[PDB]
Each structure stands twice: as C-alpha cells, then as structure tokens.
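Take a look at this one chain, the form deposited in one PDB entry, written out in structure tokens.
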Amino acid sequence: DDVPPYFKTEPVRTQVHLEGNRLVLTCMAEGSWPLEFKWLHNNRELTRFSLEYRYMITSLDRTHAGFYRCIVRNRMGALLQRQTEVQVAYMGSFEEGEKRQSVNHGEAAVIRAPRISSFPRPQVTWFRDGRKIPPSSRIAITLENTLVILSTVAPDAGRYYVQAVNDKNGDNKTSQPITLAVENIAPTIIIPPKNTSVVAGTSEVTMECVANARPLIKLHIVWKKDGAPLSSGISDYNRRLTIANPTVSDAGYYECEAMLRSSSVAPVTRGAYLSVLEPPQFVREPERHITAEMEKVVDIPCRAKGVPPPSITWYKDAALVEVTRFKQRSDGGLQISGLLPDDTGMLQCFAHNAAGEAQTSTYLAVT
C-alpha cells in the first residue's frame, strides 16, 4: 500500500556473546508491501534484500564480532536501522616468552603483565615463585594488571608470572615467568590517573592512583573531585576511586594527591578527567509525513542533545545526503531548495555520539 517504513523498536547498543552460541539479529520494522530487508556488517552488505527480517548466526566466532544493522525498504523508501555492536567473548594465548627485569634495592619495581588477547579484559592473579601476590601496603596491582612493588627487598627477587581468567567464558591461562633481580625521598606518583570515559548507568567506573613515598608507612593518598575532598568509593589502600552509578554530574577533574603525614614536605598531585557520557536524544523532530510543492523550499527540523553534543547526519533512503540544493542548518536541520519530485522518499536524521546514536525519519512527498 502506501505506508512508509518505520521501526517498531530498536536493537540494544551493545551485546556480548559466547563463542559457539547462537545470535539472532532482527529488523523490527513495519510498512507497506513489499517490506524487504538488507543486512550490514560494519556498514558492508551481508545480504541482498529479502522478506527475511532476521539475520541468524548458528555458531559465533571472533570474526562475527562488529557492528550490525539492517536496511528496510518498500515502494516508499528505505530506512537505516540504528546499529548494534556484537561482541564475542574469547581469549588467546600468552604471546611473550620468559623475560628478565632489574631494580635497585629500596626502589619501586614496575612489572607490566604479559599481553594476552582477550575480551573482556581478563582478571589477573600475580604469582611469585608459585605463590599468589595479593595487594598490600607495598604491593600495588593496577587496573591494567601491572604489578608495582613500592619498596623492593632481596627476597622480592624471583620468578613472576600471571594467571589470567576470562570472567565471561571461564578461560584460564598462565603466562611465562618474568625474572626480577634486586640489585644493591619526597612523595611521588608512579601510576597517575588516566583519562576515563563512561556512559551514564554503567553502574561502576574507577580512577586509580599508585603513590610512593619514603617512608612508606607515612604515605597518605587524598582524592578530590574538582578540588572537593572525597570520602567514599575509596579502596585498595587509597589507590582506587570507584563511583557507583556515574551521572553527568559525576564528571569532572579527579586528582590524586600523594602526601606524607607528620611531615613538612609538599604533596604531589596528578589528575585526570572523568567523562560521563549520555547518548543522543532528539529535542526537535520532523513530522512523520511531509508534503511540499515542486521548485519550492522545505525546512526539515532536527535538533538533538547529548553528552558530548551530538553531530547530525542526514540520509535519504538509507544513503548519505551530500550537503548543491541541500543545506544543513547550524542546529542540524535540513533545507532542500528547488524541490524536484524525485526528492520524494524517506529522509532520516542520525544523531551520533561516542555513547551511541539515535535516529528519526520522515516521508517527504513532492507534489
């Protein structure tokens, strides 16, 4: 008939799956006959148009990971689906071989964990000569799984290796030993806070600061958000700052201040920005159906807000609009001047972020 395509629902932005498990992607669109469907992987065609609204993978492997989206069409026009990221849980082997490292006695030893390919990042247990190494006042283990001995002693010498476990599929692999040799002061920050981005509602995000001082027992780490002292979410010998349920208000400059108690010496601070992200949301949208006369000018509205502020891209029947008779306003609205009857079809406005994308559509009829 004459019902333009439209989506009944949108897919989740991200989805994690096990290797060997089945994946079923759906294009939940409605519209007039014949409603046909085309699938894309990383914006590259997987299928040709058909009445099949599903894309099914019987047994997932790593090569299947990526962004999927469908294109729905009929006689009226075509729409680009909001894309979903399919992530496949896997774990490779430990690549590196045995290695050697040397540190001076009483100084900090920084031993980075051997690289292993894995999604998600694996949980890592450190071993010294077959014995587990839990965190302590002089032993720090970073979010990057880096081992940091704050003040080395002779019996620190030995063979260090990691056990890495993938929490999603339960894969468990052990690396080759790293031999540490121990060879015969104001507060310093060894592992500074890194810039961290997170989407609102992620439930947890952690900043980290590993500090060192002589004497070590007098070392005290103070956490601040935009200069304001923090007193919650702090753990792991004051090296981790964790924000539960982060919101855009939880964004800002988080600094780690390393100081010595009962000491005159000045503290040292290192800081990083926490970016809490909100996916795009439309403020103004075009009407479902727009009618306009030939050779005339039509203004099609599209405003969106998000954190960071969303960029706006227009599509005509699942294809990119070149902005010519087409102009895009600063607000993001589309202006089509000198309307031709062949400008008839589905126009789509995509508001995209680092946190995700949103879409709104309309059917333009040129009389």
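For the two forms, the rigid core is made up of the largest set of C-alpha atoms that agree within 1.5 Å on superposition. A residue's number is simply how far along the shown sequence it sits, counting from 1.
Below: the form deposited in another entry, not depicted.
- The comparison between the shown form and the other one, aligned on the rigid core, picks out a single residue among 105, 82, 121, 220 whose CA moves by 2 Å or more, and that residue is 220.
- With the core held fixed between the shown form and the other one, residue 152 has its Cα displaced by under 2 Å.
- After superposing the rigid core, the Cα of residue 205 is displaced by 2 Å or more between the shown form and the other one.
- Relative to the superposed rigid core, the position of the CA of residue 268 differs between the shown form and the other one by 2 Å or more.
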